[PDB]
Structure formats: structure tokens, C-alpha cells
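Colleague:
Protein chains: 2
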Amino acid sequence: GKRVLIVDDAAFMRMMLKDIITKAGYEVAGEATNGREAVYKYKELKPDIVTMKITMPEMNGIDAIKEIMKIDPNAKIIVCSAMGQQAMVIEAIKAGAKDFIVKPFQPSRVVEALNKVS
Amino acid sequence: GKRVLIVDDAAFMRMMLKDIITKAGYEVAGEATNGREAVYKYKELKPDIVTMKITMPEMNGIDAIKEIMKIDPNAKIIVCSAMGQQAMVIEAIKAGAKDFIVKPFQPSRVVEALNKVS
Ligand SMILES: [Cu+2]
Ligand SMILES: [Cu+2]
Ligand SMILES: [Cu+2]
Ligand SMILES: [Cu+2]
């Protein structure tokens, strides 16, 4: 599955992600900026993969992951984290996330996380 | 029409071009970098729109417009020009191009032309 839902607080982080993943042959299905928009674009876009940032306004990433799996037990979520967010990454993996990339990431490091999950 | 074939020599100009047009609700049907790729790819992607740069390594923008016009007489081509390329621009309009953008890009100016060819 080539179609990615990019969910991120920061515009600069959505753009890089758009640019790395579409370079690696993935289709950006769409984007979102908080946890509430994330779950809605997901029902809408039925993406194969989701990249989810933890720290976001209104609804944080782990709450987005939780709702997304109750909605779809088979989602494939990669969490985007900062250094020092290791505990939160764990709660993400606990809540369903299949893997994680960390900011600032190596473009190969983002591509293989994508590849490992499909 | 939402799907644009962006054909430019320089990657900086395409991603930028891709960034603006995808921000305006147009979807990058694809991209190209010389006139020969411009004309295969166009049969292939059947794009509604093409943004074509004039000076290409070895198929220049103008002959791509001519070839593309024999292929599809109702194509909608926007040529990308540098400052001082008014002569080359005219031959494009002369050869079929519907409109033109100029570098350094004005976002409202780029969005305006695209809509005009609707
Ligand atoms: Cu809606
Ligand atoms: Cu909607
Ligand atoms: Cu991020
Ligand atoms: Cu970009």
C-alpha cells in the first residue's frame, strides 16, 4: 500500500515527510494537523499507512492511535517523536503503533520504517 | 481539471511548483524534466494541464508543445519562463501554449494562470 496519511503539528514536518515518502514511491493520501483531524481523514481516506506525531494540539497522537484502532484494528501507524519522548513512543506502541521514526530523521530511516510495515 | 503534469529542468522548480499546485487543490499527475519525457509522459498520464519550461537539455520546451499539440489539440499548457524570455514565451503561445508563468514565482500569480485555463 502506497498511500500515506501524514499527521503532523508542524508544516515543515509534513512537507519533508511528503517529499521523502513520495520520493520513495509512496502516494501521500493526505494530511492532518491534530488528533481530531487525523481520525476523520482516516475514515475518509482509508490509508494503508499513517505517520503520527505525539505532541499535537487538541488531540495528541496517542489518543489518535487509540481511536484509529478501535475504528480499524488493522491500521499501520508509524509514530514521529522527538528525542526524549521515549516513554510516549512506548505508549504509542502500546496503544497500537507498529513502529517509530524520530525527528530529525534520516530519509533512508523514514523509508525503511514505511517498508517494514507493509 | 485537478491534475497537472509539471515539467521543469531543475528539481528546485518542480517541488516548488508541486508544492504550490498541490496546496491549491491540483494534484500532480506527474513530473518530467525534458521535452521527450514531457511528450511520453503526457500520452501516459493524460494530464489536464502541463507546466512546461522552455530551455531543457535536449528537448526544449517549445518542441514539446508542438509535439504535444499534434498529439492532443485541446491540451492546456502553461509555460514557465525566466525574466527576459519574452521572445521564447511568444513562440510558446504561438505554438499552442495557453498561458505563462514567470520566475521567481508569485504564488497568487501561479494559481491565477492555472485557474484561467479552466
Ligand atoms: Cu467533512
Ligand atoms: Cu471531507
Ligand atoms: Cu512529525
Ligand atoms: Cu515540497
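Chains S and U, in that order, are what the protein sequence lines are.
Positions in the first sequence are counted from 1; adding 1 to them yields full-length UniProt numbering.
Positions in the second sequence are counted from 1; adding 1 to them yields full-length UniProt numbering.
C-beta: ideal position from N, C-alpha, C; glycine also.
(1) Could you compute how far the alpha carbon of U:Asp64 sits from the alpha carbon of U:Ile22?
(2) Using the DSSP secondary-structure output, state which residues sit across from U:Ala33 in a beta bridge.
(3) Name the residue from U:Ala30, U:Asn61 and U:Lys54 whose alpha carbon lies nearest to the alpha carbon of U:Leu46.
(4) For the beta strand (DSSP E) that S:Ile50 lies in, which residues bound it at each end?
(5) By Cβ distance below 8 Å, which residues in the same chain neighbour U:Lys67 in space, the five residues on each side in sequence not counted?
(6) Let's test the definition: count the other Cβ atoms within 10 Å of the Cβ of S:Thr52 and tell me whether it reaches 16, buried, or not, exposed.
(7) Flag S:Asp20 as yes if its beta-carbon sits less than 9 Å from any beta-carbon of chain U, otherwise no.
(8) Taking 8 Å as the threshold, find out whether the segment 3-22 of chain U comes into contact with the segment 84-95 of chain U through three or more Cβ pairs.
(9) Within its chain, find whatever has a CB closer than 6 Å to the CB of S:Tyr27; leave out the 5 residues flanking it on each side and keep chain order.
(10) At a cut-off of 8 Å, is S:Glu32 close to ligand 2 when judged by its beta-carbon and the heavy atoms of the ligand?
(11) Examine ligand 1 and report whether any of its heavy atoms sits within less than 8 Å of the Cβ of S:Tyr41.
(12) Could you give the first and the last residue of the continuous alpha helix (DSSP H) run that contains S:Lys77?
Modeller: The short version:
(1) Translated into the one-based positions of the second sequence, residue 64 of chain U becomes position 63. Translated into the one-based positions of the second sequence, residue 22 of chain U becomes position 21. Each residue's alpha carbon lies about 24 Å from the other.
(2) Translated into positions along the second sequence, residue 33 of chain U becomes position 32. According to DSSP, which records beta bridges pairwise, U:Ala33 is partnered with U:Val8.
(3) Residue mapping note: residue 46 of chain U aligns to position 45 of the second sequence, counting from 1. If we check each option's Cα against that of U:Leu46, U:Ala30 comes out closest.
(4) In the first sequence, counting from the first residue as 1, residue 50 of chain S sits at position 49. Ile50 to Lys54 is the extent of the beta strand (DSSP E) around S:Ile50.
(5) As a first step, residue 67 of chain U must be located in the second sequence, where it is residue number 66. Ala96 and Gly97.
(6) On the first sequence, residue 52 of chain S is found 51 positions in, with the first residue counted as 1. It counts as buried.
(7) As a first step, residue 20 of chain S is located in the first sequence; it is residue number 19 there, counting from the start. Interface residue, yes.
(8) no
(9) Sequence index remark: in the first sequence, residue 27 of chain S carries index 26 (1-based). Cβ neighbours of S:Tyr27 beyond the five flanking positions: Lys3 and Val5.
(10) As a working mapping, residue 32 of chain S is identified with position 31 in the first sequence. Result no, Cβ not under 8 Å from ligand 2.
(11) Walking along the first sequence from the start, residue 41 of chain S turns up at place 40. S:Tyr41: yes, Cβ under 8 Å from ligand 1.
(12) Your numbering for residue 77 of chain S matches position 76 in the first sequence. Per DSSP, S:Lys77 belongs to no alpha helix (DSSP H) and is neither H nor E.
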